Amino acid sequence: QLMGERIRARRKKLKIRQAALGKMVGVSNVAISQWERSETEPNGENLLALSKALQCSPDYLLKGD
């Protein structure tokens, strides 16, 4: 299971749109899309911000634990 799949699953659990997650993290909606689809992976600062927005650890996102 790719990190992107975990990001999408956690976003869906929170019941929010990509743009809303983007605003929380400090990136565009498109960035969220790219991560969820595994087009790219978040950089250091964005991974930590994303983990906080998604209420999980960065290790959970990166490796499913």
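Residue numbers here begin at 1 and follow the sequence given.
task: Divide the modelled residues of the chain into thirds by Cα B-factor and specify which third, lowest, middle or highest, holds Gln18.
output: Middle third of the chain for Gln18's C-alpha B-factor.
- request: Taking the chain's C-alpha temperature factors as the reference, tell me which third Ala9 falls into: lowest, middle or highest.
  value: Answer is lowest: the recorded C-alpha B-factor places it there.
- request: Would you mind ranking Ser57 by its C-alpha B-factor against the rest of the chain and naming the third, lowest, middle or highest?
  value: Within its chain, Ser57 is a highest-third residue by C-alpha B-factor, going by the deposited values.
Modelled-residue ranking by C-alpha temperature factor, third containing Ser38: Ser38: CA B-factor falls in the lowest third of its chain.
field: B-factor third for the C-alpha atom of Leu50 within its chain
entry: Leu50: CA B-factor falls in the lowest third of its chain.
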